[PDB]
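**Q** So here's final-v4.txt, just compact mmCIF, C-alpha atoms and all ligand atoms:
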# COMPACT_ATOMS: atom_id res chain seq x y z
CA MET A 16 -37.10 14.02 -7.16
CA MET A 17 -34.05 15.58 -5.51
CA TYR A 18 -31.65 13.18 -3.81
CA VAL A 19 -28.37 13.70 -1.94
CA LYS A 20 -25.57 11.26 -1.33
CA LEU A 21 -24.42 10.49 2.21
CA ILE A 22 -21.06 8.65 2.32
CA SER A 23 -19.98 6.56 5.34
CA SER A 24 -16.45 6.33 6.74
CA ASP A 25 -16.02 2.88 5.11
CA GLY A 26 -17.12 4.19 1.67
CA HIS A 27 -20.81 3.12 1.51
CA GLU A 28 -22.83 5.65 -0.50
CA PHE A 29 -26.33 6.20 0.79
CA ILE A 30 -28.70 7.97 -1.64
CA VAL A 31 -31.72 9.56 0.09
CA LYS A 32 -34.30 12.28 -0.58
CA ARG A 33 -32.87 15.77 0.08
CA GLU A 34 -35.98 16.56 2.16
CA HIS A 35 -35.19 13.53 4.32
CA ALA A 36 -31.53 14.46 4.89
CA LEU A 37 -32.61 17.97 5.99
CA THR A 38 -34.06 16.29 9.08
CA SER A 39 -30.47 17.08 10.22
CA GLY A 40 -29.44 20.74 10.60
CA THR A 41 -25.86 19.53 10.47
CA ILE A 42 -26.33 17.89 7.10
CA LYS A 43 -28.10 21.05 5.88
CA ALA A 44 -25.03 23.07 6.87
CA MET A 45 -22.72 20.58 5.16
CA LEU A 46 -24.78 20.83 1.94
CA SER A 47 -25.39 24.61 2.16
CA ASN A 58 -25.10 17.10 -3.21
CA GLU A 59 -22.64 14.75 -1.49
CA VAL A 60 -21.48 14.67 2.14
CA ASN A 61 -18.70 12.49 3.56
CA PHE A 62 -18.85 11.24 7.14
CA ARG A 63 -15.38 10.28 8.33
CA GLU A 64 -16.59 9.13 11.73
CA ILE A 65 -19.83 7.41 10.77
CA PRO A 66 -19.52 3.82 9.58
CA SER A 67 -22.13 2.23 7.33
CA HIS A 68 -23.82 0.11 10.03
CA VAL A 69 -24.65 3.41 11.76
CA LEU A 70 -25.42 5.66 8.74
CA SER A 71 -27.78 3.07 7.21
CA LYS A 72 -29.83 3.25 10.43
CA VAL A 73 -29.70 7.06 10.40
CA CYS A 74 -31.27 6.95 6.90
CA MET A 75 -33.92 4.52 8.14
CA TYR A 76 -34.70 7.00 10.92
CA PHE A 77 -35.26 9.76 8.35
CA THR A 78 -37.77 7.60 6.52
CA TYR A 79 -39.45 6.66 9.80
CA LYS A 80 -39.67 10.26 10.99
CA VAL A 81 -41.02 11.64 7.71
CA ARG A 82 -43.58 8.82 7.48
CA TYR A 83 -44.87 8.99 11.04
CA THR A 84 -44.59 12.72 11.89
CA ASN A 85 -48.08 14.33 12.06
CA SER A 86 -49.83 11.00 11.35
CA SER A 87 -52.85 9.35 12.98
CA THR A 88 -51.87 5.71 12.27
CA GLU A 89 -50.33 3.99 15.29
CA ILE A 90 -46.62 4.66 15.68
CA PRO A 91 -44.27 1.66 16.04
CA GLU A 92 -41.12 1.70 18.12
CA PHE A 93 -37.97 2.68 16.24
CA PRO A 94 -35.72 -0.37 16.65
CA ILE A 95 -32.04 -0.06 17.68
CA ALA A 96 -29.87 -3.11 18.28
CA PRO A 97 -27.81 -2.91 21.49
CA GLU A 98 -24.53 -3.32 19.52
CA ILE A 99 -25.01 -0.05 17.58
CA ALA A 100 -26.75 2.09 20.18
CA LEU A 101 -23.66 3.89 21.44
CA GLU A 102 -22.36 4.81 17.99
CA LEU A 103 -25.82 5.76 16.79
CA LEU A 104 -26.13 8.05 19.85
CA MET A 105 -22.87 9.79 18.99
CA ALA A 106 -24.03 10.20 15.39
CA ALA A 107 -27.43 11.58 16.42
CA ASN A 108 -25.70 14.07 18.72
CA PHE A 109 -23.43 15.27 15.88
CA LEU A 110 -26.29 15.40 13.39
CA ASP A 111 -28.72 16.94 15.90
CA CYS A 112 -31.58 14.60 14.99
CA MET B 1 -49.91 1.08 -0.16
CA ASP B 2 -46.31 2.34 0.15
CA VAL B 3 -43.38 -0.05 0.45
CA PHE B 4 -40.04 1.18 1.75
CA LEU B 5 -36.94 -0.12 0.04
CA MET B 6 -33.17 -0.13 -0.05
CA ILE B 7 -31.97 -0.70 -3.64
CA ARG B 8 -28.45 -2.05 -3.30
CA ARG B 9 -25.52 -2.60 -5.65
CA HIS B 10 -21.87 -2.90 -4.61
CA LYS B 11 -21.40 0.02 -2.12
CA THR B 12 -24.46 1.95 -3.35
CA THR B 13 -27.72 1.99 -1.37
CA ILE B 14 -30.83 3.97 -2.50
CA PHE B 15 -33.54 4.62 0.09
CA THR B 16 -36.87 5.18 -1.62
CA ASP B 17 -40.49 4.11 -1.52
CA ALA B 18 -42.92 2.82 -4.14
CA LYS B 19 -46.45 1.50 -4.49
CA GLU B 20 -47.12 -2.14 -3.82
CA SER B 21 -49.02 -2.01 -7.11
CA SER B 22 -46.04 -0.58 -9.05
CA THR B 23 -43.88 -2.70 -11.32
CA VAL B 24 -40.32 -3.90 -11.36
CA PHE B 25 -39.81 -1.98 -14.59
CA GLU B 26 -41.18 1.20 -13.00
CA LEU B 27 -38.62 0.72 -10.19
CA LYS B 28 -35.87 0.58 -12.85
CA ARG B 29 -37.16 3.95 -14.12
CA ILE B 30 -36.72 5.22 -10.55
CA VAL B 31 -33.18 3.82 -10.44
CA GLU B 32 -32.58 5.35 -13.91
CA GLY B 33 -33.46 8.88 -12.71
CA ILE B 34 -30.99 8.54 -9.81
CA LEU B 35 -28.05 6.54 -11.23
CA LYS B 36 -28.47 7.45 -14.95
CA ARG B 37 -28.58 3.93 -16.38
CA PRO B 38 -31.51 2.70 -18.45
CA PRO B 39 -33.76 -0.24 -17.41
CA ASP B 40 -32.31 -2.53 -20.10
CA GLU B 41 -28.90 -2.14 -18.36
CA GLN B 42 -30.39 -3.13 -14.96
CA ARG B 43 -31.32 -6.39 -13.26
CA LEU B 44 -33.32 -6.27 -10.03
CA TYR B 45 -33.38 -9.10 -7.50
CA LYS B 46 -35.13 -10.25 -4.39
CA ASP B 47 -32.41 -12.26 -2.68
CA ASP B 48 -31.05 -14.39 -5.55
CA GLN B 49 -34.19 -14.20 -7.70
CA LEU B 50 -34.19 -12.13 -10.89
CA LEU B 51 -37.31 -9.98 -10.98
CA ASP B 52 -39.47 -9.85 -14.14
CA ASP B 53 -40.26 -6.32 -15.42
CA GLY B 54 -44.06 -6.69 -15.60
CA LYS B 55 -44.55 -8.00 -12.06
CA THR B 56 -45.75 -5.79 -9.23
CA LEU B 57 -43.53 -5.26 -6.21
CA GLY B 58 -46.36 -6.84 -4.22
CA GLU B 59 -46.41 -9.98 -6.39
CA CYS B 60 -42.64 -10.20 -5.84
CA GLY B 61 -43.09 -10.17 -2.03
CA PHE B 62 -42.54 -6.46 -1.24
CA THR B 63 -45.53 -5.72 0.93
CA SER B 64 -46.32 -2.73 3.09
CA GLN B 65 -46.05 -4.67 6.32
CA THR B 66 -42.63 -6.19 5.46
CA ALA B 67 -41.02 -3.26 3.66
CA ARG B 68 -41.40 -0.76 6.48
CA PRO B 69 -39.99 2.79 6.86
CA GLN B 70 -37.79 1.81 9.84
CA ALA B 71 -36.79 -1.62 8.45
CA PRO B 72 -36.91 -1.41 4.64
CA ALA B 73 -36.71 -4.41 2.31
CA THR B 74 -33.69 -4.90 0.06
CA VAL B 75 -33.80 -5.03 -3.72
CA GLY B 76 -30.56 -6.15 -5.32
CA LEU B 77 -29.31 -4.34 -8.42
CA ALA B 78 -26.86 -5.44 -11.14
CA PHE B 79 -25.58 -3.40 -14.12
CA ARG B 80 -24.67 -4.45 -17.64
CA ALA B 81 -21.24 -3.20 -18.70
CA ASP B 82 -21.01 -3.45 -22.51
CA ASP B 83 -22.49 -6.79 -23.66
CA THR B 84 -23.05 -8.80 -20.45
CA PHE B 85 -24.40 -8.32 -16.92
CA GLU B 86 -22.11 -8.32 -13.91
CA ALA B 87 -23.02 -10.78 -11.16
CA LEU B 88 -25.08 -9.52 -8.21
CA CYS B 89 -22.66 -8.06 -5.62
CA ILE B 90 -23.84 -6.33 -2.46
CA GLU B 91 -21.09 -5.10 -0.16
CA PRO B 92 -22.08 -5.78 3.43
CA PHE B 93 -22.31 -2.91 5.92
CA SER B 94 -19.52 -2.63 8.49
CA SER B 95 -19.60 -4.80 11.66
CA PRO B 96 -20.51 -3.25 15.01
CA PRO B 97 -17.77 -3.58 17.60
CA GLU B 98 -18.19 -5.75 20.70
CA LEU B 99 -20.51 -4.43 23.39
CA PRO B 100 -18.51 -2.48 25.96
CA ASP B 101 -18.39 -4.44 29.23
CA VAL B 102 -20.82 -2.06 30.96
CA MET B 103 -23.48 -2.82 28.29
CA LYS B 104 -23.40 -6.58 29.05
CA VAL C 62 -50.39 26.75 37.77
CA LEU C 63 -50.87 23.34 36.11
CA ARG C 64 -53.47 21.69 38.32
CA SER C 65 -56.83 19.98 38.09
CA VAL C 66 -59.93 22.09 38.69
CA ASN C 67 -62.16 20.78 41.48
CA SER C 68 -65.30 20.71 39.32
CA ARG C 69 -67.03 17.60 40.70
CA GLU C 70 -68.71 17.00 37.31
CA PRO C 71 -68.14 13.34 36.40
CA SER C 72 -66.54 12.40 33.10
CA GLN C 73 -66.01 8.78 32.09
CA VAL C 74 -62.91 8.13 30.05
CA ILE C 75 -61.29 5.21 28.25
CA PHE C 76 -57.54 5.14 28.71
CA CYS C 77 -56.48 3.24 25.55
CA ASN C 78 -52.84 2.25 25.49
CA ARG C 79 -51.81 2.02 21.82
CA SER C 80 -48.13 1.99 22.67
CA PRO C 81 -45.77 -0.94 23.25
CA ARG C 82 -44.88 0.46 26.70
CA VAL C 83 -46.33 -0.19 30.14
CA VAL C 84 -48.22 3.07 30.75
CA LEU C 85 -48.30 5.05 34.01
CA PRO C 86 -51.25 7.44 34.09
CA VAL C 87 -50.54 10.56 36.19
CA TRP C 88 -53.28 12.80 37.58
CA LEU C 89 -52.32 16.33 38.57
CA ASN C 90 -54.09 16.92 41.88
CA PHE C 91 -55.63 20.18 43.15
CA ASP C 92 -52.23 21.48 44.37
CA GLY C 93 -50.43 20.42 41.17
CA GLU C 94 -48.80 17.31 42.69
CA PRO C 95 -48.45 14.39 40.29
CA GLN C 96 -50.42 11.41 41.57
CA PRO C 97 -49.56 8.06 39.97
CA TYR C 98 -52.38 5.62 39.06
CA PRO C 99 -52.40 1.88 38.26
CA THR C 100 -50.40 0.89 35.17
CA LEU C 101 -51.78 -0.34 31.79
CA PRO C 102 -49.96 -3.13 29.93
CA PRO C 103 -49.28 -2.65 26.17
CA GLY C 104 -52.44 -2.67 24.04
CA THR C 105 -54.83 -2.73 27.00
CA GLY C 106 -57.64 -0.35 27.91
CA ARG C 107 -59.41 0.73 31.10
CA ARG C 108 -62.71 2.50 31.56
CA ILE C 109 -62.13 4.95 34.39
CA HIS C 110 -64.01 7.62 36.30
CA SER C 111 -62.53 11.13 36.19
CA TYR C 112 -63.94 14.66 36.20
CA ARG C 113 -64.28 17.64 33.88
CA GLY C 114 -61.27 19.95 34.02
CA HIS C 115 -58.98 17.32 35.54
CA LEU C 116 -55.49 17.06 34.07
CA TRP C 117 -53.67 13.88 33.14
CA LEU C 118 -50.44 12.90 31.43
CA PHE C 119 -48.95 9.52 30.57
CA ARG C 120 -45.51 7.96 30.94
CA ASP C 121 -43.60 4.74 30.43
CA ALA C 122 -44.00 3.19 33.87
CA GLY C 123 -40.46 1.74 33.98
CA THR C 124 -38.43 4.60 32.48
CA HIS C 125 -40.72 7.66 32.70
CA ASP C 126 -40.25 8.37 28.97
CA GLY C 127 -42.88 10.78 27.64
CA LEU C 128 -45.99 9.52 25.83
CA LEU C 129 -48.70 11.38 23.90
CA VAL C 130 -52.42 11.25 24.54
CA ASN C 131 -54.64 12.24 21.62
CA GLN C 132 -51.42 13.47 19.98
CA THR C 133 -50.54 15.94 22.76
CA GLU C 134 -48.98 16.21 26.25
CA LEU C 135 -52.02 16.73 28.46
CA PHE C 136 -55.46 15.18 28.53
CA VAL C 137 -58.43 16.99 30.07
CA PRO C 138 -61.72 15.08 30.30
CA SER C 139 -64.55 16.97 28.61
CA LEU C 140 -68.36 16.72 28.81
CA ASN C 141 -69.67 13.29 27.79
CA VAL C 142 -72.12 13.53 24.84
CA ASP C 143 -75.02 11.02 24.71
CA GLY C 144 -73.49 9.22 27.74
CA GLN C 145 -70.50 8.14 25.61
CA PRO C 146 -67.02 8.04 27.19
CA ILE C 147 -64.16 10.29 26.02
CA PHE C 148 -61.39 8.32 24.36
CA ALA C 149 -57.83 8.98 25.56
CA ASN C 150 -55.61 7.40 22.90
CA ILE C 151 -52.15 6.91 24.37
CA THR C 152 -49.31 6.51 21.83
CA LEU C 153 -45.58 6.67 21.34
CA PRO C 154 -44.22 9.99 20.21
CA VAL C 155 -41.87 10.16 17.26
CA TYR C 156 -38.82 10.55 19.50
CA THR C 157 -35.74 12.23 18.12
CA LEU C 158 -33.07 9.71 17.20
CA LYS C 159 -30.96 11.12 20.06
CA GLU C 160 -33.65 10.57 22.66
CA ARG C 161 -34.37 7.06 21.37
CA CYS C 162 -30.65 6.22 21.54
CA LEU C 163 -30.48 7.58 25.11
CA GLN C 164 -33.46 5.34 26.02
CA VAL C 165 -31.76 2.26 24.63
CA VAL C 166 -28.42 3.09 26.25
CA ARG C 167 -30.18 3.78 29.60
CA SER C 168 -31.89 0.35 29.28
CA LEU C 169 -28.52 -1.44 28.96
CA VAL C 170 -26.24 0.53 31.34
CA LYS C 171 -26.69 0.79 35.08
CA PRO C 172 -26.61 4.46 36.09
CA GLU C 173 -23.33 3.96 38.02
CA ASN C 174 -21.67 3.00 34.76
CA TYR C 175 -22.74 5.98 32.59
CA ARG C 176 -19.39 7.61 33.38
CA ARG C 177 -17.44 4.57 32.12
CA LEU C 178 -18.93 5.09 28.64
CA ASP C 179 -16.53 6.49 26.08
CA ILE C 180 -18.49 9.61 25.17
CA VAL C 181 -18.35 13.39 25.64
CA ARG C 182 -19.27 14.70 29.10
CA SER C 183 -22.43 16.34 27.66
CA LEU C 184 -23.84 12.92 26.65
CA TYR C 185 -23.07 11.52 30.11
CA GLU C 186 -25.11 14.46 31.41
CA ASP C 187 -27.86 13.66 28.87
CA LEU C 188 -27.95 10.05 30.13
CA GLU C 189 -28.02 11.04 33.83
CA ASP C 190 -30.76 13.64 33.14
CA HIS C 191 -33.38 10.94 32.59
CA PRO C 192 -37.07 11.65 32.01
CA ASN C 193 -38.94 12.82 35.09
CA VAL C 194 -42.47 14.20 35.53
CA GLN C 195 -41.40 17.10 37.80
CA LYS C 196 -38.94 18.26 35.11
CA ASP C 197 -41.75 18.37 32.53
CA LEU C 198 -44.19 20.19 34.83
CA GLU C 199 -41.60 22.94 35.24
CA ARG C 200 -41.11 22.85 31.45
CA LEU C 201 -44.86 22.93 30.63
CA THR C 202 -45.19 26.00 32.92
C1 LIG D 1 -58.19 1.32 37.17
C2 LIG D 1 -57.21 2.36 36.59
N1 LIG D 1 -56.22 1.96 35.76
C3 LIG D 1 -55.43 2.95 35.32
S1 LIG D 1 -55.96 4.37 35.99
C4 LIG D 1 -57.24 3.68 36.87
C5 LIG D 1 -58.12 4.33 37.68
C6 LIG D 1 -58.46 3.85 38.94
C7 LIG D 1 -59.38 4.53 39.76
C8 LIG D 1 -59.98 5.71 39.34
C9 LIG D 1 -60.91 6.38 40.19
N2 LIG D 1 -61.06 7.80 39.84
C10 LIG D 1 -60.33 8.79 40.41
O1 LIG D 1 -59.49 8.58 41.26
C11 LIG D 1 -60.55 10.08 39.89
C12 LIG D 1 -59.52 10.33 38.77
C13 LIG D 1 -59.14 11.77 38.87
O2 LIG D 1 -60.09 12.57 38.14
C14 LIG D 1 -59.20 12.06 40.37
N3 LIG D 1 -60.34 11.21 40.86
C15 LIG D 1 -61.14 11.33 41.95
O3 LIG D 1 -62.04 10.55 42.17
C16 LIG D 1 -60.93 12.52 42.93
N4 LIG D 1 -62.28 12.94 43.31
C17 LIG D 1 -62.87 14.08 42.94
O4 LIG D 1 -62.35 14.96 42.27
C18 LIG D 1 -64.27 14.27 43.54
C19 LIG D 1 -64.58 15.69 43.99
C20 LIG D 1 -65.26 15.11 42.76
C21 LIG D 1 -60.10 12.15 44.20
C22 LIG D 1 -60.82 11.12 45.12
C23 LIG D 1 -58.73 11.57 43.81
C24 LIG D 1 -59.87 13.40 45.05
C25 LIG D 1 -59.63 6.19 38.08
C26 LIG D 1 -58.71 5.51 37.27
Turn the structure described in the file into C-alpha cells.
Ligand SMILES: Cc1ncsc1-c1ccc(CNC(=O)[C@@H]2C[C@@H](O)CN2C(=O)[C@@H](NC(=O)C2CC2)C(C)(C)C)cc1
**A**
Amino acid sequence: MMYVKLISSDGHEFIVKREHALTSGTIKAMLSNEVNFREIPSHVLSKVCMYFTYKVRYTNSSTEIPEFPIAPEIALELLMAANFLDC
Amino acid sequence: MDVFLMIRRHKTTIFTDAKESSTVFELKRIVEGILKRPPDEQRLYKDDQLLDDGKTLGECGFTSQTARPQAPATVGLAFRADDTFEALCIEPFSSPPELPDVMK
Amino acid sequence: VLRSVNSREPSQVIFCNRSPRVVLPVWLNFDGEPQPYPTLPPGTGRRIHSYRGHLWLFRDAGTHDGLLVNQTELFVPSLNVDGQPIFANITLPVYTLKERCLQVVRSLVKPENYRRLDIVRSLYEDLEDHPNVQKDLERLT
C-alpha cells in the first residue's frame, strides 16, 4: 500500500495512506512522499490524520455515524489547520 | 471487523487498520512494508505489555469498538539495533496552549 | 419553488433520530416558509402524521447545523405500502473538518467575542455566518 509522511512543526512524523492524505487538496499540491508542516504541531496533525480515517470510513456508509470529537483546547488550532488544508 | 491503530515509536506514528482476527506477527509484516525492518527486529506493545506474535489483535484487547477510526488505539513499537532491543520510547505529542480567555 | 404540495393524501412517517443532536424537524409550508415542529431528543423516535408530497428537513435544534435524512437533505413522504409507515432516518453528516471545528468554536465562544479570536478575518466571517435554514433554502434553489 502507498503511504506518505506528514511531518509536524515539532518533528513528529505521521505515516498515513496516500489516498487518505489526498482528502486535502493542499496536501495533494504539496506532494504533486513527505510533507513538512511548519505551522502545524503534532497535537493538531495527529487529529487531522484521525479525521482522514474517520472520513474515509464513514463517507457513503449506512452504519450510524458518530460525532467527530474535538477537545476545546485544540479546536482553534485545528480550525486554522483545516482552513489551510481545505478539509 | 476492522480495528484502527496508531503504531508508535519515538517520533514515528503509523495510522493503519487491521482485522481483529489478524495477528501480532502480521502487524509486524505491515510495519515491515512501511519502515523496512523485519519482524524479528520489532517488538510490539500494548501499554507496557510485550505482544506475542501468534496472538490476534482482538485477544490482545484491540477491538473494533475501542480502536475506532476517530480515536485509534496505540500499539507501541521498539527496534533492535545490532544485538539487543532498545527500550520502548514514545515521544508525547505537543501540549495545547491555554484556552484563550474568550473560550472559558 | 421549494414548497410542499397540498395533496391531502395522508402519509404516516417515523422520524427516527439516529444522531447525538436534539433534532428540529422543519416542514416547508405551501408558500415555502419553514415551519418548525417539536424537537426530538437524541436516539428518540416519533410516529407522526404528514402527507404525500410534503417537504421536510432536519436541523440541530440548538445550533441549526445541517442533518441528513435517509442520507440526503430533503425528505418527502411517499405512499404507505401495506399500511406501513415510511421511515425517516435522521443522522449526522460527515462534516468537513472545517465545519466541525467551526461548530465547536461556536459552542465555546459567545458571538460578541468571535472578533477577539486570533484568526484571519475570513474565519471570523465563517464563524459569524452560522447555519440557518433560510440560507440553505436559497442554496437548494
Ligand atoms: C409530535 C412531533 N414531534 C416532532 S414532529 C411532530 C409532529 C407533531 C404534529 C404533527 C401533525 N401533522 C402535521 O402538522 C402535518 C405535518 C405536515 O405534513 C403538515 N401537516 C398538516 O397537518 C397540514 N395539513 C394538511 O396538509 C391537510 C390538508 C391535508 C397543516 C395543518 C399544517 C396545514 C406532525 C408531527
**Q** Pick out the residues sitting within 9 Å of residue 74 of chain A, and hand them over as number ranges by chain; count all atoms listed in the file, and ignore anything fewer than 2 positions along from it in its own chain.
**A** A: 29-31, 35-36, 69-72, 76-79; B: 15, 70
**Q** Find the distance between atom CA of residue 79 of chain C and atom CA of residue 161 of chain C and write it in Å to one decimal.
**A**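 About the pair atom CA of residue 79 of chain C and atom CA of residue 161 of chain C: they are 18.2 Å apart.
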**Q** Atom CA of residue 187 of chain C and atom CA of residue 93 of chain C, how far apart in Å?
**A** 26.6 Å
**Q** Tell me, in Å to one decimal, how far atom CA of residue 152 of chain C is from atom CA of residue 131 of chain C.
**A**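 Going from atom CA of residue 152 of chain C over to atom CA of residue 131 of chain C covers 7.8 Å.
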**Q** Assuming 5 Å of padding per side, give the centre and edge lengths of the axis-aligned box around every listed atom of ligand LIG 1 (chain D), in Å to one decimal and as AutoDock Vina command-line options.
**A**
--center_x -60.3 --center_y 8.5 --center_z 40.2 --size_x 19.8 --size_y 24.4 --size_z 19.8
**Q** For chain A, list the residues within 12 Å of chain B, counting only C-alpha atoms, and write the list as a PyMOL selection string.
**A** chain A and resi 16-33+35-36+65-83+90-103
